[PDB]
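**Student:** so I've got this experimental structure, pasted below with the sequence.
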Amino acid sequence: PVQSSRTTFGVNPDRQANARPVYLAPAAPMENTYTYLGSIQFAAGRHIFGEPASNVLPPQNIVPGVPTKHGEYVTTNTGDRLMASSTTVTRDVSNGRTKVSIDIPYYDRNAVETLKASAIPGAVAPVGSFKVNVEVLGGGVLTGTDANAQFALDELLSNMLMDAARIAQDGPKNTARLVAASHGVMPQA
Amino acid sequence: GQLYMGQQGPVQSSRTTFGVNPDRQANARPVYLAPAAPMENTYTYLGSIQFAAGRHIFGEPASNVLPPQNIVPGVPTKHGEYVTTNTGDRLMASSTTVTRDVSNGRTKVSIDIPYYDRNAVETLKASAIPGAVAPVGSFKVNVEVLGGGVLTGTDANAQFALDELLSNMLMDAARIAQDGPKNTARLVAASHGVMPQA
Amino acid sequence: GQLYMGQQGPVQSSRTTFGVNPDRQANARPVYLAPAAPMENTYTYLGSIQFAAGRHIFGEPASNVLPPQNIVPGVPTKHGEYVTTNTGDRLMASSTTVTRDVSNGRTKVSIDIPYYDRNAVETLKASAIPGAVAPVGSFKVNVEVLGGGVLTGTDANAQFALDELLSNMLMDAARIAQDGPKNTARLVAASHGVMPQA
Amino acid sequence: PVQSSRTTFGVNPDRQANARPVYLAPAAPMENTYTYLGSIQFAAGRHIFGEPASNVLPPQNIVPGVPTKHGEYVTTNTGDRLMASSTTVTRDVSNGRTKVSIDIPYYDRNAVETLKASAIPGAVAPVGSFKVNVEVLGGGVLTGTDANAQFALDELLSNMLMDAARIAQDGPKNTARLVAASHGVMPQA
């Protein structure tokens, strides 16, 4: 049996194992989002948000010097006639894939303001949350690559991250771009 | 539950669902779809390192800004792709892709760039062989915004404020993802995380 | 058991576990991790034989001393790799690797060097063909130090003495491994051992 | 069906069978370790070791001229208020893989010295041992390789052995490097 093929020069590569321990931040900064929340005075629609304790979130379950494949930073949200609720930043580092997720809760502004205006002492639990996920598939580094080269790959993935976030938020602030999304339409241009 | 002192007398604390409207607004909102995808940051860095880190050799793009592949103005889609074609010396040209999926309030952008075997490419150059190399693997970065389930009284104007809130969470998330000194390992070939004592 | 004469009279010998403390100290001791791996002996010999023994042709290293591949200063790991890339005339460049695993008191160092088909390489040179050859196989050498289970009263200072004791056993082991005249076969393609009568 | 491939020149090699009988030492020298044991006066921590009979270990189960795939050299350890105990060097030669292992026992110095100081005539059996393994994977010699070339491969593996042992013991004697190992840390440098 004679078979046909399409050839290029080379050999299937030798991949390096994902045995490289990585740096883990001793705290998570959330300055951008919380300054914007201060901007809108923690309210939009009938979503009302809580004021954090710190713009920088301390670690909750990360002992220093202890390898952890999953870790959480958390700070508490307080507010007038709000039940204290935690905002959470989750990092999962495993098998060459690193993933960061951010979850902030929101309350029913109608309930909160009805309580405030009526001078009722009830405290409201959160009605929902908003979440943002970010993921970096950094596995499969080739065997020849040394430590210094892997540093370069680190910064390369960093810049791809920045580009992905810009492409996600890209657009005029005049038009709808993220929430309650149904479908995308390219402008007539 | 617990007991406290109200002006009627000692009174039992109570937790009720009375007066909380959790109704949600349907994800029926058309969103802006960019006419091209700017990858300026990654490609300026790739020019910085001369498109080579260790054994990973990268292709030179057609453009720093990627044109649409299956998106047409005025046609609504839930999936859109931008693409250019990387080229290089003794490298078979290979596409780099940026995918955007917008469904049910969930927006997701993924970036996939290929690379090639520098050991093979420099073998080709050094011993003056006439062949070329095909891509050997890729790197991928995903970003996801779960913006579903806005409340019913969310004003049309306030949805823009929510838009900007989510985009700022995006920026914070990428910063937390790449945060750390460049003296130490932080992203690729990751096994686990180790935060330093001091 | 057996009977002997004690000053009380004939007395039975006895074997007891009384007064023996076998408690062990946990393997919780950080160890030094070299910032590079020196392969000087093997590569000076490879220069001696001109990187060729029979049909096995070897690559020329980048350095006699190998840099770390996934080790970063100040980050603790239980697995560390050093690597360089062998190159050669009409040879596709191929990595040589030195792996160190440190777990639960057991330290293990392994060395893997590839080789190529000299019949193919000299066919390429002789008939003026333009291609190159990929590695055909490898040789591997493993070394293992089982240093777990130190006793409880082992002083912090005395653990260094134990360190040096184990390293001297290492040297003796390699000498016993390669011991023998170079007139006669002793390592590769080994089937069995035959010690000479005289 | 058209399939793609990555080509280099050559043919999958013809390997030679592992039918090459090898030299077997008529005794095992342990001079390095036993001179060091004399240095520390056979004691460290509460490990106490025995004095050997010979620095060079005779064979126990190796008849000369008899092919053996497994053999042992052994010498007896004696000491004051110590039960005689054997230190063992084991060689396994099979299927192109040769492996040498060294096992030396140690006793409870607290028990031994309590007996000595109290002038008690008890003899102590070993509480544990330390072991070092060394292994050479020499199979797969290519068919073209002749006897003289195989000599060269012998010495090549010898030098890789030496390098592996140096890389294993490498480091300052100021810092911890082998026993009770938990994890490795590269110095700030």
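**Tutor:** Perfect, I can see it now. Numbering: from 1, shown residues only, chains lettered A, B, ... in the order given.
**Student:** okay, CA-based contacts and neighbour counts for the rest of this
**Tutor:** Will do.
**Student:** what does chain A put close to chain D?
**Tutor:** Within chain A, the positions near chain D by CA under 8 Å from any CA of the partner chain are A:3, A:4, A:5, A:6, A:7, A:8, A:9, A:10, A:11, A:12.
**Student:** show me where chain A has its helices.
**Tutor:** With DSSP state H as the criterion, chain A has helices at A:31-39, A:109-117, A:147-169.
**Student:** which residue ranges form the strands in chain A?
**Tutor:** All strands of chain A, identified by DSSP state E, fall at A:5-9, A:20-23, A:28-29, A:43-44, A:47-48, A:51-52, A:56-57, A:70-78, A:85-94, A:97-108, A:128-137, A:181-185.
**Student:** buried deepest among the ones you listed, which one?
**Tutor:** Neighbour counts averaged per stretch over the strands of chain A are highest for strand A:20-23, at a mean of 28; criterion: mean count of other CA atoms under 10 Å in any protein chain shown.
**Student:** what does that one contact?
**Tutor:** With contact meaning CA atoms under 8 Å, 6 or more residues apart in numbering or on different chains, strand A:20-23 is reached by B:180, B:184-196, C:70-71, C:75-77.
**Student:** who does it pair up with?
**Tutor:** Counting by DSSP bridges, the strands paired with strand A:20-23 are strand B:190-194 (parallel).
**Student:** list phi and psi for the residue nearest to residue A:181 when sequence neighbours are not counted.
**Tutor:** Closest residue to residue A:181 apart from its sequence neighbours, by CA to CA, 6 or more residues apart in numbering or on different chains: residue B:105 at 4.0 Å. When quoted as degrees, to the nearest 10, the phi and psi of residue B:105 stand at phi 80, psi 0.
**Student:** taking the centroid of chain A, which residue is nearest it?
**Tutor:** Here the mean C-alpha position of chain A is nearest to the C-alpha of residue A:101 (CA atoms, centre = their mean), at a distance of 3.7 Å.
**Student:** show me what contacts it?
**Tutor:** When the contact criterion is CA under 8 Å, 6+ apart, the partners of residue A:101 are A:89, A:90, A:91, A:131, A:132, A:133, A:134, B:173.
**Student:** same check on residue A:133?
**Tutor:** Contacts for residue A:133 were tallied using CA under 8 Å, 6+ apart; they are A:99, A:100, A:101, A:102, B:143, B:144, B:145, B:170, B:173.
**Student:** for it, name its beta-bridge partners.
**Tutor:** Using DSSP bridges, the bridge partners assigned to residue A:133 are residue A:101, residue B:144.
**Student:** residue A:110 reaches residue A:46, doesn't it?
**Tutor:** Yes: here residue A:110 lies in contact with residue A:46, judged by CA atoms under 8 Å, at a distance of 6.3 Å.
**Student:** can you get me a residue count around residue A:149?
**Tutor:** As a burial measure, the neighbour count of residue A:149 was computed by other CA atoms under 10 Å in any protein chain shown and equals 17.
**Student:** ok, residue A:183 - contacts?
**Tutor:** With contacts defined as CA under 8 Å, 6+ apart, residue A:183 is in contact with B:29, B:30, B:31, B:76, B:77, B:78, B:102, B:103.
**Student:** at 6 Å what do you get?
**Tutor:** Each residue near residue A:183 by CA atoms under 6 Å, 6 or more residues apart in numbering or on different chains is listed here: B:30, B:77, B:78, B:102.
**Student:** which of those residues sits closest to chain C?
**Tutor:** Within those, the smallest distance to chain C is 37.9 Å, found for residue B:102 (CA to the nearest CA).
**Student:** residue A:4: neighbouring residues, count only.
**Tutor:** Taking other CA under 10 Å as the neighbour definition, residue A:4 ends up with a count of 9.
**Student:** isn't residue A:5 right next to residue D:6, touching?
**Tutor:** No: with contacts defined as CA atoms under 6 Å, residue A:5 does not count as touching residue D:6, sitting 9.9 Å away.
**Student:** any common contacting residues for those two?
**Tutor:** Counting by CA under 6 Å, 6+ apart, residue A:5 and residue D:6 have no shared contacts at all.
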